[PDB]
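Data block below; observations after.
Protein chains: 2
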Amino acid sequence: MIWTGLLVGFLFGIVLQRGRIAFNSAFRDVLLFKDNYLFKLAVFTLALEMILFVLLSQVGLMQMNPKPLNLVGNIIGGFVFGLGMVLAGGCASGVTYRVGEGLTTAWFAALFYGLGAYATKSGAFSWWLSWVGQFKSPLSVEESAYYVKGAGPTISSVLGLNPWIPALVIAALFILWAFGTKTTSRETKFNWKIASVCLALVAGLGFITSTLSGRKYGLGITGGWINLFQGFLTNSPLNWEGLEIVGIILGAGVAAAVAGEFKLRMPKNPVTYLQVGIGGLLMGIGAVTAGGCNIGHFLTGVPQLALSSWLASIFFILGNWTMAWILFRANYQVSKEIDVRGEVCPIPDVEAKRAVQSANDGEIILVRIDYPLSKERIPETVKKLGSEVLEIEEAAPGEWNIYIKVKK
Amino acid sequence: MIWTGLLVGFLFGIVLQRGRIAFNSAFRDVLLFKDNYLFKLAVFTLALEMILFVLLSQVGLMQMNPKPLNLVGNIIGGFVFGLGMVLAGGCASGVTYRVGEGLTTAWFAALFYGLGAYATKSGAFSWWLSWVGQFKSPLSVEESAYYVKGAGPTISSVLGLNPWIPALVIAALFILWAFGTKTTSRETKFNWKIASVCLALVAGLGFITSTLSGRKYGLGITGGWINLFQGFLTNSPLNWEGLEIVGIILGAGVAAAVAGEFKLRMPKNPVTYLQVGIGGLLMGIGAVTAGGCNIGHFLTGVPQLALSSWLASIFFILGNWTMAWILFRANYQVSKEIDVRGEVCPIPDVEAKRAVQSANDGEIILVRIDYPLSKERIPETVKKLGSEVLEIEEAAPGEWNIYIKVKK
Ligand SMILES: CCCCCCCC/C=C/CCCCCCCC(=O)OC[C@H](O)CO
Ligand SMILES: CCCCCCCC/C=C/CCCCCCCC(=O)OC[C@H](O)CO
Ligand SMILES: CCCCCCCC/C=C/CCCCCCCC(=O)OC[C@H](O)CO
Ligand SMILES: CCCCCCCC/C=C/CCCCCCCC(=O)OC[C@H](O)CO
Ligand SMILES: CCCCCCCC/C=C\CCCCCCCC(=O)OC[C@H](O)CO
Ligand SMILES: CCCCCCCC/C=C\CCCCCCCC(=O)OC[C@H](O)CO
Ligand SMILES: CCCCCCCC/C=C\CCCCCCCC(=O)OC[C@H](O)CO
Ligand SMILES: CCCCCCCC/C=C\CCCCCCCC(=O)OC[C@H](O)CO
Ligand SMILES: CCCCCCCC/C=C\CCCCCCCC(=O)OC[C@H](O)CO
Ligand SMILES: CCCCCCCC/C=C\CCCCCCCC(=O)OC[C@H](O)CO
Ligand SMILES: CCCCCCCC/C=C\CCCCCCCC(=O)OC[C@H](O)CO
Ligand SMILES: CCCCCCCC/C=C\CCCCCCCC(=O)OC[C@H](O)CO
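Chains as they are written, first to last, in the authors' numbering: chain B, 1 to 329, 372 to 450; chain A, 1 to 329, 372 to 450.
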């Protein structure tokens, strides 16, 4: 039942597409823009998968296989992967679904990510991976209806508690925090509440179906890409994860075209290709070193309550923060217009607020943008700045105009 | 002596850079625009290498190693490789040296050209190659000071003659043809005559130095790429032609910057990356099938007088001609302006011809270009149409204004 990875992955892309689900931007905007929309989306799913993974394993739909603990691997590979995120312009999974979105930079970013991961795994970088392998923590769980034989450590296994107990506690706390905290609001119809339900459901669909083929794990990104490159370059048979990668690329493309969001897109300056190639290049090193990326360790490993995924997840954000500071330091009169068409995700938001605050009272400020997400984030980032959005105007195919009524 | 190829390639890039020597355009412009500048550079070098190769074989610096004849592989793969040339925006070595210039579409084309060649060699296309290999002609020469043991057939070996005779007859006919024939004029200072001298001197240096490494051949491009990818993705040792692949890029990189020609380049519309993406794939499949590319069979094999290299070099032009039809079917007032900045070199020349033809007597035509070659090819294409070029201007570094006074 190997084709089911394409089936799971096809749903995976559509959830990631219409839900804007990118983990690198989620970590960045709690540090840059104090924006938590995608964190509650993460926290909600993680809580739901916590109960889901144990519940599905309890009945007999899966067994959990936590990743083995490697402090040198989880810490250092976690940080290397965090750097690649901001350099690659998106997470490991985010770039993959971005390929079907028509992002030439995502093609370039994905091309090196698989190659470097291949090189880190078996290629010329295999010395650095084999050296880190001398820090493998031998601590293990034992075979049960919960855990595969010889798997890694968990919160439960250390504590001697039955896995239900921390899973019910932590998920409830997360559900409390996400439901009890103020949220920065956008205008995505596939809002973070329902979107987390689908994301956890597909993950549960991922675990049960992938285990049938022989792969005892949920959603993964690095393992599939390496399997794709191998099959194309050494004629090895494709498996569930590589097919899942294929379904993701198709899945994001289908919805992007149905919504009318699809476009072959170029960066504003040609130097960005050199940047995003390095970004994925780092990600291949870090993801392979840590044993998984923002999906293989975070989305699918954190709700499994596994120490190795929990430890590796930490430095995903440290690198996400580290590379962020290095890098990111109708007739309506219009008083000043600023053109941000062709700019990557944070730029339209960054220069829109730089216009209204460096403007007097009563200014009409025009914002010209050609990317879908920015027309939903800009209206919120100006309401707290006192001002008001006059009208969101639809100009050319895929371009929107925002007129701002500046206050004080 | 593996390192000598980076040196040979380093010279190779500078020769290819300042002479603009791309074989895909050499074949293309004899059918499109009846322009023979680059073919003149080709035929002379073939003659010079016809004499050079046999001369060095006589003393003991080298031996000729013609590639064995396979009628299925040379014809079909040669045709397909010709399709990939036009699609990939240039020949096999024609993108590689262009990587050092700063062209992002060549980086994309290089990514698919290498990976397809690795796939067609041992990856997912090994079935096609394994089937094609059953048609290998068992005609072999014998170990001698002129031919390596069990090599392929040649014009000389077929006729029962000494290698000097066909080399001295065919090269003189090439030399007589090139010098007695009309040549389309350019303003490349590194003219076709001297550049043909240096291109054989590098080619001969490639033979003598590489033969000591254990590879008994001169400049070969597709074989070089696979050695790099094997090393990077399988931790295999690099080799002479793998280093030669690097030296071409590093050699052109030095030459592209000193002349002030370096610039990170993007196409006009994002669609070109997918078009050039297929081009590298076709070239990899074609070059591995053909057993040699624009350099492996034409530049290096044709002067060796080998039957297989001639046969594949016939169909390189047929596929080049096939795909060419599918794809291509200051105070000066200025009366009409034409902007072709960012479009590949044929387009500025063609769109400059379209303006003058659809212009009346006395109109001043402004043509803005951002590629150095077009500022050389346009002035000859304007005097051919009766008109006169007024001044070549320097707007921005790397951008030129061409002012044309049209006659009738
Ligand atoms: C603030 C949160 C709001 C929502 C809250 C939802 C709570 C759901 C579960 C809680 C478990 C609490 C601890 C229960 C301990 C039970 C121990 C047990 O059954 O066994 C103990 C021993 O280890 C073997 O017998
Ligand atoms: C017990 C086995 C399962 C354990 C795991 C699942 C736990 C689900 C519940 C968590 C808290 C949900 C309610 C959180 C508060 C929601 C409403 C809110 O934010 O405040 C409303 C206010 O308290 C009044 O008006
Ligand atoms: C645990 C067992 C699970 C078994 C079942 C597995 C699959 C579950 C859900 C899949 C939803 C896939 C489609 C999600 C919705 C598509 C996107 C959407 O809602 O788009 C709205 C649009 O953006 C408005 O403008
Ligand atoms: C063993 C001895 C024989 C084997 C080795 C023979 C090497 C022959 C040439 C090497 C590099 C030539 C590079 C091209 C010349 C310099 C670049 C040039 O021509 O630049 C002109 C410029 O464009 C004006 O503005
Ligand atoms: C990892 C590298 C992956 C590389 C490949 C990723 C997927 C590319 C998908 C679509 C582009 C081709 C279709 C869109 C072409 C431009 C749109 C257009 O002009 O119209 C097309 C439409 O079909 C009316 O004819
Ligand atoms: C027990 C589990 C309970 C939950 C199981 C969920 C399974 C998936 C169902 C629906 C996906 C989301 C569908 C709704 C998303 C928004 C659709 C919408 O607004 O559509 C607008 C329209 O397409 C243009 O105007
Ligand atoms: C091998 C097993 C099969 C694998 C392959 C199956 C392909 C099925 C195709 C399409 C269905 C899903 C289409 C989902 C389209 C996105 C939803 C959406 O956005 O539509 C509403 C719109 O946005 C409002 O403006
Ligand atoms: C338009 C441009 C056209 C350019 C020219 C294209 C010529 C045909 C090329 C490839 C198809 C090959 C199909 C047949 C392949 C071999 C059939 C066969 O017997 O394959 C056995 C197999 O390899 C083990 O079982
Ligand atoms: C035994 C054989 C030994 C062979 C050893 C190598 C011989 C060839 C070396 C150089 C050729 C000329 C190179 C190009 C020189 C002219 C460049 C030109 O046209 O102009 C350059 C000038 O700097 C513009 O300002
Ligand atoms: C796997 C294969 C790897 C192959 C690797 C080969 C070596 C590196 C290649 C080319 C370097 C080219 C460098 C060109 C630098 C140009 C700098 C320049 O001119 O920059 C202008 C700018 O204005 C300044 O601020
Ligand atoms: C002035 C414009 C250019 C400025 C500089 C641009 C960057 C140069 C860096 C490296 C180039 C490659 C050469 C150095 C490395 C060669 C490969 C090597 O070390 O090979 C070892 C061994 O022979 C096989 O593994
Ligand atoms: C491994 C690290 C490598 C670091 C980098 C090493 C650079 C070597 C320097 C010079 C060789 C090439 C000399 C220049 C050849 C082309 C000259 C040129 O541009 O000729 C036109 C002329 O300048 C118009 O006035």
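Quick reminder that beta carbons are idealized off the backbone N, C-alpha and C, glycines included.
Please name the residue or residues paired with residue 36 of chain B in a DSSP beta bridge.
As a position in the first sequence, residue 36 of chain B is number 36, starting the count at 1. Looking at the DSSP assignment, residue 36 of chain B forms no beta bridge with any residue, so it has no partner.
Just to make sure I have the definition right: I need the residues of chain A whose C-beta is within less than 7 angstroms of the C-beta of residue 266 of chain B. Which are they?
On the first sequence, position 266 is the one that residue 266 of chain B refers to. In chain order: 266, 270.
Please tell me whether, using a cut-off of 7 angstroms, the distance from the CB of residue 201 of chain A to the nearest non-hydrogen atom of ligand 9 is below it.
For the purposes of this step, residue 201 of chain A is taken as residue 201 along the second sequence, with counting starting at 1. Under cutoff, so the answer is yes.
Pull the bridge partners of residue 269 of chain B from the DSSP assignment, please.
Within the first sequence, residue 269 of chain B is the residue found at index 269, counting from 1. Paired residues: none, contrary to the question.
Thinking residue 394 of chain B and residue 431 of chain B are a contact (beta carbons under 8 angstroms), I'd like their distance in whole angstroms, please.
The residue labelled residue 394 of chain B in the question sits at position 352 within the first sequence. The residue labelled residue 431 of chain B in the question sits at position 389 within the first sequence. So it is not a contact: roughly 10 angstroms between Cβ atoms.
Shorter than 8 angstroms from the beta carbon of residue 459 of chain B to some beta carbon of chain A?
With chain B covering only 1 through 450, there is no way to say anything about residue 459 of chain B.
For residue 288 of chain A, which residues of its own chain have a beta-carbon under 6 angstroms away from its beta-carbon, when the five flanking residues on both sides are left out?
Looking up residue 288 of chain A in the second sequence gives position 288. Around residue 288 of chain A: 117, 120, 121.
Residue 64 of chain B - DSSP class collapsed to helix/strand/coil
For the purposes of this step, residue 64 of chain B is identified with residue 64 of the first sequence, where counting begins at 1. In the structure shown, residue 64 of chain B sits in a strand (DSSP, three-state: E or B).
Helix, strand or coil for residue 177 of chain A, going by three-state DSSP, please let me know.
Translated into the one-based positions of the second sequence, residue 177 of chain A becomes position 177. Three-state result, residue 177 of chain A: helix.
In three-state terms, what does DSSP make of residue 2 of chain A?
Reading the second sequence from its first residue, position 2 is the one you call residue 2 of chain A. Residue state, collapsed to three classes: coil.
Between which two residues does the alpha helix (DSSP H) holding residue 425 of chain A run?
On the second sequence, residue 425 of chain A is found 383 positions in, with the first residue counted as 1. Where residue 425 of chain A is concerned, the enclosing alpha helix (DSSP H) stretches over 416-425.
Could you check how far apart the C-beta atoms of residue 169 of chain A and residue 154 of chain A are, in whole angstroms? I think they sit under 8 angstroms.
Translated into the one-based positions of the second sequence, residue 169 of chain A becomes position 169. Translated into the one-based positions of the second sequence, residue 154 of chain A becomes position 154. The pair is not a contact, with the Cβ atoms about 14 angstroms apart (cut-off 8 angstroms).
When Cβ atoms are compared, which residues of the region 222-252 of chain A fall closer than 7 angstroms to chain B?
231, 232, 233, 234, 235
Chain-ordered chain A contacts of residue 213 of chain B [CB-CB under 9 angstroms]
Start at 1 with the first residue of the first sequence, and residue 213 of chain B comes out as number 213. Within chain A, no residue comes near residue 213 of chain B; the closest Cβ sits about 20 angstroms away, beyond 9 angstroms.
What residues from the region 97-123 of chain A come within 8 angstroms of chain B, judged by C-beta to C-beta, listed N to C?
102, 104, 107, 108, 111, 115, 118, 119, 122, 123
From the beta carbon of residue 273 of chain B, is the nearest beta carbon of chain A less than 8 angstroms away?
For the purposes of this step, residue 273 of chain B is identified with residue 273 of the first sequence, where counting begins at 1. Taking Cβ atoms only, chain A reaches closer than 8 angstroms to residue 273 of chain B, which makes this a yes.
Check the Cβ of residue 400 of chain A against every Cβ in chain B and list those closer than 9 angstroms, keeping chain order.
Here residue 400 of chain A refers to the residue found at position 358 of the second sequence. None at all; the shortest Cβ gap to chain B is about 29 angstroms.
Three-state secondary structure (DSSP) of residue 306 of chain A:
Within the second sequence, residue 306 of chain A is the residue found at index 306, counting from 1. Note: residue 306 of chain A maps to strand in three-state DSSP.
Beta-carbon proximity of residue 50 of chain B to residue 57 of chain B, cut-off 8 angstroms:
Taking the first sequence and counting its residues from 1, one reaches residue 50 of chain B at position 50. Taking the first sequence and counting its residues from 1, one reaches residue 57 of chain B at position 57. Cβ atoms of residue 50 of chain B and residue 57 of chain B: not closer than 8 angstroms.
Starting from the C-beta of residue 26 of chain B, find all residues in its chain whose C-beta is less than 7 angstroms away, skip the five residues before and the five after it, and write them out in chain order.
Numbered from its first residue, the first sequence carries residue 26 of chain B at position 26. So the list reads 38, 39, 42, once near-sequence residues are dropped.
Residue nearest to residue 261 of chain A in terms of C-alpha spacing, selected from A:18, A:52, A:1, A:8
The sequence position of residue 261 of chain A within the second sequence is 261, counting from 1. Out of A:18, A:52, A:1, A:8, A:18 has the C-alpha closest to the C-alpha of residue 261 of chain A.
Does residue 126 of chain A have its Cβ less than 8 angstroms from a Cβ in chain B?
Residue 126 of chain A sits at position 126 when you count from the first residue of the second sequence. Yes, residue 126 of chain A lies at the interface with chain B (some Cβ there is under 8 angstroms from its Cβ).
Whose C-beta lies closer than 6 angstroms to the C-beta of residue 190 of chain B among residues of the same chain, with five residues either side of it excluded?
Your numbering for residue 190 of chain B matches position 190 in the first sequence. For residue 190 of chain B, where only same-chain residues beyond five positions count, the Cβ hits under 6 angstroms are 18, 19.
Beta-carbon spacing of residue 98 of chain A, residue 88 of chain A below 8 angstroms:
Position 98 of the second sequence, counting from 1, holds the residue named residue 98 of chain A. Position 88 of the second sequence, counting from 1, holds the residue named residue 88 of chain A. Cβ distance not < 8 angstroms, so residue 98 of chain A and residue 88 of chain A don't count as in contact.
In this structure, what does DSSP give as the bridge partners for residue 445 of chain B?
Here the question's residue 445 of chain B lines up with position 403 in the first sequence. BP columns for residue 445 of chain B point to B:408, B:433.
Within the continuous beta strand (DSSP E) that includes residue 381 of chain A, where are the two ends?
In the second sequence, counting from the first residue as 1, residue 381 of chain A sits at position 339. Taken as a continuous stretch (DSSP letters only), the beta strand (DSSP E) holding residue 381 of chain A covers 378-381.
Specify the secondary structure class of residue 300 of chain B as computed by DSSP and reduced to three states.
The count along the first sequence starts at 1 and reaches residue 300 of chain B at position 300. Correct three-state label for residue 300 of chain B: coil.
Using 8 angstroms as the Cβ pair cut-off and three pairs as the minimum, do the region 8-15 of chain A and the region 241-253 of chain A touch?
yes
Output the boundary residues of the alpha helix (DSSP H) element that contains residue 232 of chain A.
As a first step, residue 232 of chain A is located in the second sequence; it is residue number 232 there, counting from the start. Counting along the chain, the alpha helix (DSSP H) containing residue 232 of chain A begins and ends at 222-234.
Within 6 angstroms of ligand 7: residues by beta-carbon to any heavy atom
B:3, B:6, B:7, B:10, B:14, B:18, B:254, B:255, B:258, B:259
By DSSP, does residue 149 of chain B sit in helix, in strand, or in coil?
Position 149 of the first sequence holds residue 149 of chain B. Looking at residue 149 of chain B - three-state DSSP - the assignment turns out to be coil, as it is neither helix nor strand.
By C-beta, the residues closer than 6 angstroms to any heavy atom of ligand 8, given in chain order:
A:76, A:79, A:80, A:127, A:131
Are residue 213 of chain B and residue 240 of chain B closer than 8 angstroms when you measure CB to CB?
Taking the first residue of the first sequence as 1, we reach residue 213 of chain B at position 213. Taking the first residue of the first sequence as 1, we reach residue 240 of chain B at position 240. In this structure, residue 240 of chain B lies closer than 8 angstroms to residue 213 of chain B by Cβ.
Whole angstroms is fine: what's the gap from residue 461 of chain B's alpha carbon to residue 81 of chain B's?
Outside the shown range of chain B (1 to 450) lies residue 461 of chain B, about which nothing can therefore be said.
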